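Okay, so here's the structure we're looking at.
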Amino acid sequence: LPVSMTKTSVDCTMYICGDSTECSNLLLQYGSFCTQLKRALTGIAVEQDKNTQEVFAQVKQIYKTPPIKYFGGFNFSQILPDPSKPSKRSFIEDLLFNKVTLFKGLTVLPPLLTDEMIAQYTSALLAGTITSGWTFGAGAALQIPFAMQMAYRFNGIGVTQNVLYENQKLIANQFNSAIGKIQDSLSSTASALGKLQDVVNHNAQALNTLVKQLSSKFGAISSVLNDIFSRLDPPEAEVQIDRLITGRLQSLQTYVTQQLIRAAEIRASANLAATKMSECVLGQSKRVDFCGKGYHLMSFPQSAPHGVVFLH
Amino acid sequence: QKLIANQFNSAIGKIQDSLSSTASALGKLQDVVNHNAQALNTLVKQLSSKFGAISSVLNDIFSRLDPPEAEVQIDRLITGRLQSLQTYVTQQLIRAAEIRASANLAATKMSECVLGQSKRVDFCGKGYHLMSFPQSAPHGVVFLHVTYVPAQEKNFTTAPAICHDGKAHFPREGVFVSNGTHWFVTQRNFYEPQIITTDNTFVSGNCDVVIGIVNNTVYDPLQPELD
Amino acid sequence: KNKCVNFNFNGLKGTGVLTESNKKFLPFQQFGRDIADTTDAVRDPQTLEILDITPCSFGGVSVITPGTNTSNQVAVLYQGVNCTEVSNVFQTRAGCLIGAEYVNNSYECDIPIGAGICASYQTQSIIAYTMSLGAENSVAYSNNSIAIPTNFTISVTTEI
Ligand SMILES: *[C@@H]1O[C@H](CO)[C@@H](O)[C@H](O)[C@H]1NC(C)=O
Ligand SMILES: *[C@@H]1O[C@H](CO)[C@@H](O)[C@H](O)[C@H]1NC(C)=O
Ligand SMILES: *[C@@H]1O[C@H](CO)[C@@H](O)[C@H](O)[C@H]1NC(C)=O
Ligand SMILES: *[C@@H]1O[C@H](CO)[C@@H](O)[C@H](O)[C@H]1NC(C)=O
Ligand SMILES: *[C@@H]1O[C@H](CO)[C@@H](O)[C@H](O)[C@H]1NC(C)=O
Ligand SMILES: *[C@@H]1O[C@H](CO)[C@@H](O)[C@H](O)[C@H]1NC(C)=O
Ligand SMILES: *[C@@H]1O[C@H](CO)[C@@H](O)[C@H](O)[C@H]1NC(C)=O
Ligand SMILES: *[C@@H]1O[C@H](CO)[C@@H](O)[C@H](O)[C@H]1NC(C)=O
């Protein structure tokens with residue numbers, strides 16, 4: 001599920017004419033459009049940073065993993081972070097981060113919460129969903145063994161607890177073989193993370209269409225303004241520069257408006273991601289085909305550059 | 001019940017102390033009013049712009065320029081103002097879709113937290129949800145989500161099952177806890193030690209299959225009265 | 001060279017610095033254009049070697065204030081500008097902040113700057129810090145132990 005986007009900020013003077021002296025005296029009669037557009041883009045920038053905090057910072061206390069990593073035959077080495085690599089991410093998240101990768105007055109603002117702090121929030125949530133079950137999401141963390149924690153997962157879906165205690169070594173071997181085949185099927189698939197990529201590619205397609213849009217002549221003689229001021233009289237070429245300025249300001253506001261719809265799209269997906277973090281990981285959901293296809297047992301979140309991955 | 005009631009009135013009584021001290025606690029519904037009030041004043045103050053024409057007022061250019069030339073600057077000001085009015089409703093249409101999506105979130109919350117009990121952990125407030133109480137607002141809704149948080153925790157020695165008479169024993173509700181040299185049963189969310197009987201346990205198969213099982217007696221309540 | 005000057009090589013007037021390049025251009029090329037119609041390199045018409053044209057240093061200026069009701073000290077942040085070129089100096093990933101001390105005491109994020117660094121009021125001077133994510137609590141996990149609470153508190157949480 002996608003959580004956040006690229007927070008962009010656009011300048012006024014370098015986008016329209018690119019370091020010219022004529023624009024600083026001519027754009028001030030147009031009103032306060034340059035105040036209005038930066039209120040919208042910085043209004044996105046605090047909004048999308050709020051969504052990643054509403055998804056990943058749901059816990060208050062940072063839980064640490066115990067050094068004795070034995071949970072009754074189960075193996076969580078592929079989801080707990082690696083102390084050997086300096087990034088402190090797991091094997092899947094290193095596969096997740098390497099599978100997907102990524103002036104004219106357009107600048108890029110980096111997010112506030114960096115990726116190692118999202119991975120530290122992912123490590124705190126993975127330590128909470130293993131050592132405590134539902135108690136870390138509803139209050140203080142109570143220690144509980146994982147074999148009896150899965151008995152709480154089994155009793156909620158309607159099977160009584162004697163089935164797990166007779167077949168614990170088969171369930172522990174079935175889950176470790178399943179989680180080993182997850183990263184094998186994820187890397188072999190070519191369009192498994194296409195949802196995070198089309199978020200990146202659409203925002204990449206919006207800005208390259210925006211910088212190609214200045215190259216259009218807008219019905220005038222040329223698209224560069226140095227030739228317009230030199231070839232014609234300044235009262236004769238004032239109608240040509242105002243043909244370009246309203247053409248580029250409409251080009252920038254059309255870029256602002258469709259970005260406001262896409263930011264409202266992913267924020268609605270991020271609130272969808274915020275509950276799917278809460279009901280699946282921090283608790284147990286009795287829904288049908290919500291936290292994965294079938295009767296929900298547990299979930300494990302993983303970090304992402306601009307999204308979230310749940311192992312339901 | 002005397003402890004639960006005074007904990008409830010002390011919790012609902014400190015809400016007026018918390019909301020009056022924190023003036024930015026009700027900031028979230030006021031930015032809905034502040035963004036609309038800033039947008040209309042932006043729409044009002046945009047008329048002071050000339051839009052590249054001779055003047056910002058349109059009555060004087062009808063009075064100064066001739067109608068062969070004056071409708072050229074009028075069509076510049078009309079297309080500038082019609083683009084100003086079309087964008088203002090379009091930013092309103094995106095904002096009204098956000099409030100309507102928040103309204104259905106408010107509509108499903110009172111349908112699930114007020115009219116009934118929701119078992120989701122952080123939907124009707126943080127913690128184990130018991131009930132909730134909505135309150136009125138000028139342009140929104142304020143929910144008082146009553147939750148259940150545990151406190152005064154204590155560690156105990158546990159076991160998955162108990163072998164007795166060559167047979168395993170699994171509890172119906174709760175788990176087995178211990179002090180050391182004794183074993184009792186209690187529920188999960190509360191500590192209530194009880195003597196282990198056949199009333200709250202069930203037998204299924206032998207006991208040498210369960211990993212880490214402890215040996216203890218199970219007092220049958222029909223045994224000493226019949227003997 | 002290496003100064004923000006106005007360049008005019010048979011037309012193409014603008015503002016930008018001139019640096020030595022490394023590519024091997026074809027002899028019939030006069031001025032090179034980068035992606036999305038920006039002039040990258042114009043060769044010298046006299047001495048016939050090639051030089052790139054890089055635009056001047058620009059970026060957004062963000063003024064971090066704690067409010068007029070508390071103090072009047074501010075901190076200016078140049079977004080994406082290395083301030084080796086144009087009183088304490090702190091460089092972050094988003095840009096270098098001027099006017100705030102960097103402390104090792106990690107606290108809660110009051111003013112979001114970017115890249116895991118926030119600012120707040122000390123109380124006297126504006127400070128810069130890494131955001132404290134929360135207190136560490138290593139749960140003593142054991143396969144023969146359980147924690148069960150003896151009492152409970154009822155909390156009522158508000159929502160708008
Ligand atoms: C419990 O954990 C300890 C330490 O990890 C281990 O030595 C012991 O064998 C475990 N016992 C069982 C029954 O799993
Ligand atoms: C978990 O998997 C790793 C990798 O194969 C292995 O080295 C380790 O022994 C496994 N641990 C358990 C408890 O199966
Ligand atoms: C149980 O809690 C007490 C009090 O904090 C502590 O002293 C003791 O070491 C704990 N025992 C275990 C086995 O965790
Ligand atoms: C556990 O501690 C001692 C062990 O001798 C026992 O007397 C006591 O009654 C037990 N606790 C409870 C609550 O029964
Ligand atoms: C122009 O003259 C200078 C000095 O005589 C010489 O170095 C340079 O190569 C000449 N350029 C051309 C294109 O002839
Ligand atoms: C400054 O703070 C005081 C005390 O809260 C308050 O009475 C006053 O209105 C504030 N002034 C401004 C301009 O916010
Ligand atoms: C920024 O300037 C410092 C000081 O000269 C320099 O050491 C550093 O390499 C520069 N960083 C970049 C990215 O150019
Ligand atoms: C932070 O720690 C570094 C490394 O010990 C030290 O050089 C620096 O002075 C410290 N800064 C503060 C504000 O204590």
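The chains in the structure tokens are called A, B, ... from first to last as shown; in each chain the residues are counted from 1, and the ligands are counted from 1 in the order shown.
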
Exercise for review: Give the residues close to ligand 2, within 8 Å, counting only C-alpha atoms and all ligand atoms; write them as a list in words.
Suggested key: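 So the residues close to ligand 2 are residues 69, 70, 71, 72, 73, 74, 75, 76 and 77 of chain A.
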
Point to revise | ligand 1 neighbours within 12 Å using only C-alpha atoms and all ligand atoms, as a ChimeraX atom specification | key: /A:66-74,145-148,168-169 /B:158-160,210-214 /C:140-145

For the selection just defined, write its residues with C-alpha atoms to a file, as an mmCIF file, in the first residue's frame.
```cif
data_model
loop_
_atom_site.group_PDB
_atom_site.id
_atom_site.type_symbol
_atom_site.label_atom_id
_atom_site.label_comp_id
_atom_site.auth_asym_id
_atom_site.auth_seq_id
_atom_site.Cartn_x
_atom_site.Cartn_y
_atom_site.Cartn_z
ATOM 1 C CA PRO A 66 15.743 -10.234 22.900
ATOM 2 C CA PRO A 67 19.134 -11.776 22.070
ATOM 3 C CA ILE A 68 17.784 -15.318 22.557
ATOM 4 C CA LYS A 69 15.895 -15.561 19.251
ATOM 5 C CA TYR A 70 14.180 -18.915 19.766
ATOM 6 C CA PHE A 71 10.376 -18.978 19.564
ATOM 7 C CA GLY A 72 9.635 -22.703 19.643
ATOM 8 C CA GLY A 73 10.904 -23.845 16.254
ATOM 9 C CA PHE A 74 9.832 -20.705 14.390
ATOM 10 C CA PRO A 145 5.649 -17.183 24.735
ATOM 11 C CA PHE A 146 5.018 -17.493 21.013
ATOM 12 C CA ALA A 147 3.610 -21.032 21.226
ATOM 13 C CA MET A 148 0.878 -19.864 23.597
ATOM 14 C CA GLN A 168 3.393 -27.378 16.763
ATOM 15 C CA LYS A 169 6.476 -28.730 14.976
ATOM 16 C CA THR B 158 3.446 -20.412 32.791
ATOM 17 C CA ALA B 159 2.911 -23.745 31.043
ATOM 18 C CA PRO B 160 1.031 -24.772 27.872
ATOM 19 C CA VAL B 210 2.973 -31.533 24.228
ATOM 20 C CA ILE B 211 6.378 -29.846 24.477
ATOM 21 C CA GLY B 212 7.178 -28.454 27.914
ATOM 22 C CA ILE B 213 4.272 -29.928 29.870
ATOM 23 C CA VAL B 214 4.280 -29.967 33.690
ATOM 24 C CA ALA C 140 12.340 -9.851 28.949
ATOM 25 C CA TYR C 141 11.042 -12.593 26.676
ATOM 26 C CA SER C 142 10.912 -16.099 28.130
ATOM 27 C CA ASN C 143 9.370 -19.401 27.058
ATOM 28 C CA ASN C 144 8.306 -20.219 30.646
ATOM 29 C CA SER C 145 6.994 -16.851 31.873
#
```

Review point. Mind listing as an MDAnalysis selection string which residues of chain B are within 8 Å of chain C, counting only C-alpha atoms?
Key: chainID B and resid 4 7:8 11:12 26 28:29 125:126 140:159 177 188:191

I need the residues from that last selection saved to file as a PDB file, in the first residue's frame (with C-alpha atoms), if you can.
```pdb
ATOM      1  CA  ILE B   4     -14.801   1.731  38.384  1.00  0.00           C
ATOM      2  CA  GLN B   7     -12.199   6.143  37.847  1.00  0.00           C
ATOM      3  CA  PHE B   8     -14.765   6.989  35.164  1.00  0.00           C
ATOM      4  CA  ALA B  11     -11.427  10.520  33.612  1.00  0.00           C
ATOM      5  CA  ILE B  12     -14.414  12.387  32.159  1.00  0.00           C
ATOM      6  CA  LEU B  26      -9.327  21.684  18.770  1.00  0.00           C
ATOM      7  CA  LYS B  28      -8.194  20.113  13.508  1.00  0.00           C
ATOM      8  CA  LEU B  29     -11.733  21.346  12.805  1.00  0.00           C
ATOM      9  CA  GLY B 125      -9.756   4.987  20.871  1.00  0.00           C
ATOM     10  CA  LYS B 126      -6.467   3.487  21.999  1.00  0.00           C
ATOM     11  CA  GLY B 140     -17.824  18.474  13.260  1.00  0.00           C
ATOM     12  CA  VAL B 141     -18.231  15.825  15.950  1.00  0.00           C
ATOM     13  CA  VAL B 142     -16.300  15.052  19.145  1.00  0.00           C
ATOM     14  CA  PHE B 143     -16.155  11.463  20.431  1.00  0.00           C
ATOM     15  CA  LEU B 144     -15.308  10.493  24.023  1.00  0.00           C
ATOM     16  CA  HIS B 145     -13.938   6.991  23.466  1.00  0.00           C
ATOM     17  CA  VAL B 146     -14.030   5.104  26.781  1.00  0.00           C
ATOM     18  CA  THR B 147     -11.303   2.451  26.774  1.00  0.00           C
ATOM     19  CA  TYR B 148      -9.799  -0.202  29.052  1.00  0.00           C
ATOM     20  CA  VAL B 149      -6.078  -0.064  29.863  1.00  0.00           C
ATOM     21  CA  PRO B 150      -4.339  -2.597  32.152  1.00  0.00           C
ATOM     22  CA  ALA B 151      -2.000  -1.591  34.960  1.00  0.00           C
ATOM     23  CA  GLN B 152      -0.036  -3.015  37.922  1.00  0.00           C
ATOM     24  CA  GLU B 153       1.392  -5.933  35.970  1.00  0.00           C
ATOM     25  CA  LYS B 154       3.144  -8.957  37.455  1.00  0.00           C
ATOM     26  CA  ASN B 155       5.189 -11.815  36.012  1.00  0.00           C
ATOM     27  CA  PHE B 156       4.241 -15.467  36.530  1.00  0.00           C
ATOM     28  CA  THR B 157       5.616 -18.858  35.512  1.00  0.00           C
ATOM     29  CA  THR B 158       3.446 -20.412  32.791  1.00  0.00           C
ATOM     30  CA  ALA B 159       2.911 -23.745  31.043  1.00  0.00           C
ATOM     31  CA  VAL B 177       0.049 -19.343  35.959  1.00  0.00           C
ATOM     32  CA  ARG B 188      -5.693 -13.308  30.344  1.00  0.00           C
ATOM     33  CA  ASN B 189      -6.708  -9.676  30.935  1.00  0.00           C
ATOM     34  CA  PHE B 190      -7.072 -10.057  34.724  1.00  0.00           C
ATOM     35  CA  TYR B 191      -5.449 -11.970  37.578  1.00  0.00           C
TER      36      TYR B 191
END
```

Point to revise | Within-10 Å residues of ligand 8, basis only C-alpha atoms and all ligand atoms, as an MDAnalysis selection string | key: chainID C and resid 101:105 127:129

Those same residues, written as a PDB file, in the first residue's frame with N, CA and C atoms?
```
ATOM      1  N   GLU C 101      22.146  25.927  17.509  1.00  0.00           N
ATOM      2  CA  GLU C 101      23.145  24.997  18.014  1.00  0.00           C
ATOM      3  C   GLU C 101      22.644  23.564  17.888  1.00  0.00           C
ATOM      4  N   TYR C 102      23.556  22.657  17.548  1.00  0.00           N
ATOM      5  CA  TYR C 102      23.250  21.232  17.477  1.00  0.00           C
ATOM      6  C   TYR C 102      23.624  20.559  18.791  1.00  0.00           C
ATOM      7  N   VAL C 103      22.643  19.923  19.424  1.00  0.00           N
ATOM      8  CA  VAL C 103      22.844  19.208  20.676  1.00  0.00           C
ATOM      9  C   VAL C 103      22.687  17.716  20.422  1.00  0.00           C
ATOM     10  N   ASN C 104      23.247  16.918  21.331  1.00  0.00           N
ATOM     11  CA  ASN C 104      23.107  15.470  21.251  1.00  0.00           C
ATOM     12  C   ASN C 104      21.880  14.969  22.000  1.00  0.00           C
ATOM     13  N   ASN C 105      21.218  15.842  22.760  1.00  0.00           N
ATOM     14  CA  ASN C 105      20.029  15.467  23.517  1.00  0.00           C
ATOM     15  C   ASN C 105      18.848  15.345  22.564  1.00  0.00           C
ATOM     16  N   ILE C 127      17.598  25.466  19.396  1.00  0.00           N
ATOM     17  CA  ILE C 127      18.435  24.277  19.375  1.00  0.00           C
ATOM     18  C   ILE C 127      18.060  23.420  18.173  1.00  0.00           C
ATOM     19  N   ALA C 128      18.991  22.549  17.793  1.00  0.00           N
ATOM     20  CA  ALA C 128      18.783  21.571  16.736  1.00  0.00           C
ATOM     21  C   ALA C 128      19.144  20.196  17.274  1.00  0.00           C
ATOM     22  N   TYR C 129      18.338  19.198  16.927  1.00  0.00           N
ATOM     23  CA  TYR C 129      18.461  17.886  17.546  1.00  0.00           C
ATOM     24  C   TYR C 129      17.927  16.822  16.599  1.00  0.00           C
TER      25      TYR C 129
END
```

Exercise for review: Can you pull out every residue within 10 Å of residue 54 (chain C), counting only C-alpha atoms, but drop anything in the same chain fewer than 4 positions away, and send it as a list in words?
Suggested key: residues 103 of chain A; 2, 4, 15, 16, 17, 18, 19, 39, 40 and 41 of chain C

May I have the residues from that selection written out with C-alpha atoms, as a compact mmCIF listing (two decimals), in the first residue's frame?
```
# COMPACT_ATOMS: atom_id res chain seq x y z
CA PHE A 103 17.18 22.79 -12.13
CA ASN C 2 34.42 29.60 -12.30
CA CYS C 4 28.70 33.65 -12.06
CA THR C 15 23.58 33.85 -16.38
CA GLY C 16 25.72 30.97 -15.18
CA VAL C 17 29.18 29.75 -14.25
CA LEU C 18 31.71 28.16 -16.61
CA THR C 19 33.58 24.96 -15.70
CA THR C 39 21.81 24.65 -22.52
CA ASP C 40 24.52 22.56 -20.87
CA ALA C 41 27.71 23.38 -22.78
```

**Study point:** Near-ligand residues for ligand 4, threshold 8 Å, only C-alpha atoms and all ligand atoms, as a list in words
**Key:** residues 178, 179, 180, 181, 182, 184 and 193 of chain B

Counting only C-alpha atoms, what is within 12 Å of residue 36 (chain C), bar same-chain residues fewer than 6 positions away, as a short mmCIF file (atom, residue, chain, number, x, y, z; two decimals) with N, CA and C atoms, in the first residue's frame?
```cif
data_model
loop_
_atom_site.label_atom_id
_atom_site.label_comp_id
_atom_site.auth_asym_id
_atom_site.auth_seq_id
_atom_site.Cartn_x
_atom_site.Cartn_y
_atom_site.Cartn_z
N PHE A 103 18.60 23.08 -11.96
CA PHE A 103 17.18 22.79 -12.13
C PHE A 103 16.46 23.95 -12.81
N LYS A 104 15.15 23.81 -12.97
CA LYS A 104 14.30 24.82 -13.60
C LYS A 104 13.38 25.48 -12.58
N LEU A 207 6.29 16.03 -13.73
CA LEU A 207 7.28 17.11 -13.75
C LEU A 207 8.02 17.19 -15.08
N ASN A 208 8.19 16.07 -15.79
CA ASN A 208 8.84 16.17 -17.10
C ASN A 208 7.89 16.72 -18.15
N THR A 209 6.58 16.51 -17.96
CA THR A 209 5.61 17.19 -18.80
C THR A 209 5.54 18.67 -18.46
N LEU A 210 5.86 19.02 -17.21
CA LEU A 210 5.80 20.41 -16.79
C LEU A 210 6.98 21.21 -17.33
N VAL A 211 8.16 20.58 -17.42
CA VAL A 211 9.33 21.28 -17.93
C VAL A 211 9.38 21.21 -19.46
N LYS A 212 8.66 20.26 -20.06
CA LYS A 212 8.51 20.28 -21.51
C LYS A 212 7.49 21.33 -21.92
N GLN A 213 6.58 21.69 -21.00
CA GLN A 213 5.51 22.63 -21.30
C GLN A 213 6.01 24.05 -21.45
N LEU A 214 7.18 24.37 -20.90
CA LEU A 214 7.77 25.69 -21.14
C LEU A 214 8.37 25.78 -22.53
N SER A 215 8.73 24.64 -23.13
CA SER A 215 9.31 24.64 -24.47
C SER A 215 8.28 24.92 -25.56
N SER A 216 6.99 24.85 -25.24
CA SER A 216 5.96 25.18 -26.21
C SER A 216 5.95 26.68 -26.48
#
```

Exercise for review: Extract the full set of strand (DSSP E) residues from region 100-216 of chain B according to DSSP on the backbone, and format it as a PyMOL selection string.
Suggested key: chain B and resi 128-135+142-151+155-157+162-164+167-171+175-178+183-186+201-202+214-215

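Set the cut-off at 6 Å, count only C-alpha atoms, and the residues of chain B near chain A turn out to be residues 46, 49, 50, 51, 127, 128, 149 and 210 of chain B.
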
Pull N, CA and C atoms from the residues just selected and write them as an mmCIF file, in the first residue's frame.
```
data_model
loop_
_atom_site.group_PDB
_atom_site.id
_atom_site.type_symbol
_atom_site.label_atom_id
_atom_site.label_comp_id
_atom_site.auth_asym_id
_atom_site.auth_seq_id
_atom_site.Cartn_x
_atom_site.Cartn_y
_atom_site.Cartn_z
ATOM 1 N N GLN B 46 -8.042 38.929 -5.290
ATOM 2 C CA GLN B 46 -7.542 38.706 -6.640
ATOM 3 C C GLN B 46 -8.115 39.715 -7.633
ATOM 4 N N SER B 49 -5.843 42.669 -8.846
ATOM 5 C CA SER B 49 -4.888 42.464 -9.924
ATOM 6 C C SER B 49 -5.432 43.025 -11.230
ATOM 7 N N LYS B 50 -4.526 43.500 -12.080
ATOM 8 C CA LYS B 50 -4.908 44.033 -13.378
ATOM 9 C C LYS B 50 -4.974 42.966 -14.459
ATOM 10 N N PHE B 51 -4.369 41.795 -14.212
ATOM 11 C CA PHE B 51 -4.268 40.675 -15.159
ATOM 12 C C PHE B 51 -3.615 41.090 -16.476
ATOM 13 N N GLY B 127 -6.619 1.272 22.977
ATOM 14 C CA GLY B 127 -6.840 0.293 24.024
ATOM 15 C C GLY B 127 -8.077 -0.548 23.773
ATOM 16 N N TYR B 128 -8.380 -1.387 24.765
ATOM 17 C CA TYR B 128 -9.567 -2.232 24.723
ATOM 18 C C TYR B 128 -10.823 -1.382 24.862
ATOM 19 N N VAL B 149 -7.527 0.058 29.877
ATOM 20 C CA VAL B 149 -6.078 -0.064 29.863
ATOM 21 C C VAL B 149 -5.659 -0.858 31.095
ATOM 22 N N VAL B 210 2.860 -32.973 24.019
ATOM 23 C CA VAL B 210 2.973 -31.533 24.228
ATOM 24 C C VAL B 210 4.359 -31.201 24.767
#
```

Practice item. With a cut-off of 10 Å and counting only C-alpha atoms, select all residues of chain C in contact with chain A and give the selection as JSON, numbers by chain. Key: {"C": [11, 12, 13, 14, 15, 16, 35, 36, 37, 38, 54, 55, 56, 58, 59, 60, 79, 80, 93, 94, 95, 109, 112, 113, 114, 115, 116, 117, 118, 131, 132, 133, 134, 135, 136, 137, 138, 139, 140, 141, 142, 143, 144, 145, 146, 147, 148, 149]}

Next, the residues of the selection above should be written as a tab-separated table (two decimals), in the first residue's frame with C-alpha atoms.
```tsv
chain	number	residue	atom	x	y	z
C	11	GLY	CA	23.70	34.78	-28.94
C	12	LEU	CA	22.30	32.60	-26.11
C	13	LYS	CA	22.42	35.25	-23.40
C	14	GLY	CA	21.98	34.14	-19.81
C	15	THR	CA	23.58	33.85	-16.38
C	16	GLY	CA	25.72	30.97	-15.18
C	35	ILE	CA	17.48	17.18	-21.31
C	36	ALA	CA	14.21	19.20	-21.40
C	37	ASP	CA	15.72	22.10	-23.42
C	38	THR	CA	18.41	23.58	-21.18
C	54	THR	CA	25.96	25.40	-14.72
C	55	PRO	CA	23.23	27.70	-13.34
C	56	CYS	CA	23.75	29.86	-10.27
C	58	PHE	CA	19.44	29.01	-5.85
C	59	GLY	CA	16.95	27.54	-3.42
C	60	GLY	CA	14.25	28.27	-0.92
C	79	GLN	CA	17.09	24.38	1.11
C	80	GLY	CA	19.48	22.26	-0.95
C	93	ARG	CA	20.57	16.69	4.25
C	94	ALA	CA	17.87	19.17	3.21
C	95	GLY	CA	20.28	22.09	3.58
C	109	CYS	CA	9.89	16.96	17.29
C	112	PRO	CA	9.68	19.79	11.42
C	113	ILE	CA	12.82	20.82	9.50
C	114	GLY	CA	13.60	17.62	7.62
C	115	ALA	CA	15.88	14.57	7.49
C	116	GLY	CA	15.20	13.44	11.06
C	117	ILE	CA	16.21	16.80	12.57
C	118	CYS	CA	13.77	19.11	14.35
C	131	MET	CA	14.19	13.39	16.78
C	132	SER	CA	13.71	11.06	19.75
C	133	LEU	CA	11.55	8.19	18.50
C	134	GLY	CA	10.77	6.91	21.99
C	135	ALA	CA	12.17	5.29	25.09
C	136	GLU	CA	13.84	1.90	24.72
C	137	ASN	CA	12.02	-0.97	26.45
C	138	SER	CA	13.54	-4.42	25.92
C	139	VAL	CA	10.88	-6.91	27.01
C	140	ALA	CA	12.34	-9.85	28.95
C	141	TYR	CA	11.04	-12.59	26.68
C	142	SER	CA	10.91	-16.10	28.13
C	143	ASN	CA	9.37	-19.40	27.06
C	144	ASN	CA	8.31	-20.22	30.65
C	145	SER	CA	6.99	-16.85	31.87
C	146	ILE	CA	3.85	-14.76	31.42
C	147	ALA	CA	2.74	-11.29	32.55
C	148	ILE	CA	-0.84	-10.81	33.75
C	149	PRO	CA	-2.05	-7.51	35.28
```

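Among the candidates C:84, C:122, C:108, C:68, the residue lying nearest to ligand 6 is C:68 (atoms considered: only C-alpha atoms and all ligand atoms).
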
**Study point:** residue 196 (chain B) environment, 9 Å, only C-alpha atoms, sequence neighbours closer than 5 positions dropped, as number ranges by chain
**Key:** B: 176, 183-185, 201, 217-220

Using only C-alpha atoms and all ligand atoms, find each protein or nucleic acid residue lying at most 7 Å from ligand 5; present the set as an mmCIF file with N, CA, C and O atoms, in the first residue's frame.
```cif
data_model
loop_
_atom_site.group_PDB
_atom_site.id
_atom_site.type_symbol
_atom_site.label_atom_id
_atom_site.label_comp_id
_atom_site.auth_asym_id
_atom_site.auth_seq_id
_atom_site.Cartn_x
_atom_site.Cartn_y
_atom_site.Cartn_z
ATOM 1 N N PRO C 45 34.191 30.008 -29.137
ATOM 2 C CA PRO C 45 34.364 30.256 -30.578
ATOM 3 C C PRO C 45 35.775 30.662 -30.971
ATOM 4 O O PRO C 45 36.109 30.616 -32.161
ATOM 5 N N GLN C 46 36.611 31.071 -30.016
ATOM 6 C CA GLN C 46 37.974 31.492 -30.327
ATOM 7 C C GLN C 46 38.979 30.358 -30.137
ATOM 8 O O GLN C 46 39.693 29.986 -31.073
ATOM 9 N N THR C 47 39.042 29.801 -28.928
ATOM 10 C CA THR C 47 40.046 28.802 -28.585
ATOM 11 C C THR C 47 39.585 27.364 -28.806
ATOM 12 O O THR C 47 40.397 26.448 -28.638
ATOM 13 N N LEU C 48 38.313 27.156 -29.163
ATOM 14 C CA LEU C 48 37.756 25.888 -29.650
ATOM 15 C C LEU C 48 37.863 24.734 -28.654
ATOM 16 O O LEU C 48 37.966 23.573 -29.064
#
```

Exercise for review: Apply DSSP to the structure's backbone, then extract all residues of region 20-268 of chain A labelled alpha helix (DSSP H) and return them as a ChimeraX atom specification.
Suggested key: /A:23-26,33-56,91-99,115-131,135-138,146-156,162-166,168-188,194-212,225-231,238-268
